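Just so you know, structure 1 and structure 2 below are the same protein chain in two forms, each on its own as structure tokens.
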Structure 1
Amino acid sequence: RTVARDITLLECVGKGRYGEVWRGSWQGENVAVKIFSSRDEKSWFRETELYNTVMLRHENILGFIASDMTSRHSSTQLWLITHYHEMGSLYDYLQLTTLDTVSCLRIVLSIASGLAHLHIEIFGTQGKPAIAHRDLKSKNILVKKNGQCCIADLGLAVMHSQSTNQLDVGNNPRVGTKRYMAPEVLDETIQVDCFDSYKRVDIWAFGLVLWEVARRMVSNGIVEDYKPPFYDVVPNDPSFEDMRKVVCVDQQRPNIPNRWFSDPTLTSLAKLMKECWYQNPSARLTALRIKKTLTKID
């Protein structure tokens, strides 16, 4: 029996504009400590609430352990303590690793299973509201030693319940990662009062991640280098406007390499991406349909 604040921070393993993640030691075991900037305090709270009230728990959702906050003198320390994944993010994993058909499908099915689990309302004692993520990307997915993935970073999440028909968007000024923003977010037509709109934004982002992964699967003895979505048409840290011109005005999407089309698996994955990338959000596949499709190609 010990307290969360007594976790020993050992090394910083990730660092962005909104926070840091550290490998920490708690009673001799590795944990991950995400430390939020005070500026992203509403994300820390949303995640904490989700994990500690909805009790979100699933093989493909990052395992919560604890949350801790202390504030004084305008200094606020915001910690979310989770299961530690030493292989790091999917983004990290894809840089050099190449995949065979089995490992590629294991990765994308586990992500689909995580997302389907989030999107669906479950009834009964072990139930949950429907949840949309709103910042899905390869840096927000962890790779486990067993080859499965799990989805992290629920701080922008929005929720919906069938019995009340109530949408819970919380209040957070943080917006999703610009590279992964759906057309409707970029041209500001997204119907913000509709829960389904948020699920559809997640589906868009999932198709981009699918593309990042599929590039690294070997066929005919070759792969493509890791690249981020839209690598050839926008800069690093692209602006809202850079993305809008590419995605909305030019109607661009990632290109599919020729070699994919002689591989049955990559051909099926290209079709799935297309079904995630429709300009019309209501035309996109659901997470459930994506999971069903992937279950059938392995």
Structure 2
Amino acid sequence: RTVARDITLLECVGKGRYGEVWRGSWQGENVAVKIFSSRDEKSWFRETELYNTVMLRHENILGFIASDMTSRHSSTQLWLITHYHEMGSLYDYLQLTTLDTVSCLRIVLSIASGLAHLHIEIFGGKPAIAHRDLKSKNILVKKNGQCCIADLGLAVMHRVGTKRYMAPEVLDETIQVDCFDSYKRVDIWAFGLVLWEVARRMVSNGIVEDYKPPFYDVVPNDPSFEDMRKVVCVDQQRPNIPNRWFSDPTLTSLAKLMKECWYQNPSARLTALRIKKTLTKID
């Protein structure tokens, strides 16, 4: 039988130190193709090892299609092939759109749903998985208004994370590295930051905040590890909650939820399952 493997690369939709992502075509259908830099080969290996262990299938996890290694004259080419989400990342989307109550809740509940699926161990199933680099650039927007979580190149099953989103125990190097729940609690911190990024773009009483990344007002672009440790650990700053949120019941509830993802004590933070329940009861 014929095994059609040709993928037509059509449009570069992302370039970075990681390598590149392309819109491609296979058998008349869009796929996304991540081409890894030699610098980031371990991310391909880790995501490939995870998918060889457990074939994750969830509406709020970027859908796996293939991992490909191809021999070249003097190098190895590493591709990850996934579902293609034409609306692009949540980071991108929040810069060109404001949200209503229903669209804000649908976005954050879908992220919580993907994250709880990663975190939960299922017997007879899947191992528990922590993401370790959750951020708005690693979330894609789907046409149905839900999102999905992308990039399991740092994930751990039961490169460092993006510094702007690191939890205090990562920055002060007190994280209990031998304890898997520690990694879930680092994802919850990052989730709270993503919640804040999205909530800012929800309109209430004719008011909205401009898109900003977490800590935009207290650290530079490409903040150093020390820049982040001083803000998050030494001064114990957290993102600002604008007064206008407290006129809106949804943003008032979301502010409370963010606070419960940002405790200094990792053990005090909400679980992804509790976040899901809280979001289902909002509105």
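For the two forms, the rigid core is made up of the largest set of C-alpha atoms that agree within 1.5 Å on superposition. Structure 1's sequence is the ruler for residue numbers, which start at 1.
Measuring CA movement between structures 1 and 2 with the rigid core aligned, the set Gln95, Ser71, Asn220, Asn146 has one residue at 2 Å or more: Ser71. At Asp6, the distance the Cα travels between structures 1 and 2 is 2.0 Å after the core is superposed.
Shown is the Cα shift of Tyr18 between structures 1 and 2 after rigid core superposition, which amounts to 1.6 Å. Taking the core as the fixed frame between structures 1 and 2, we note the C-alpha of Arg57 moving 0.7 angstrom.
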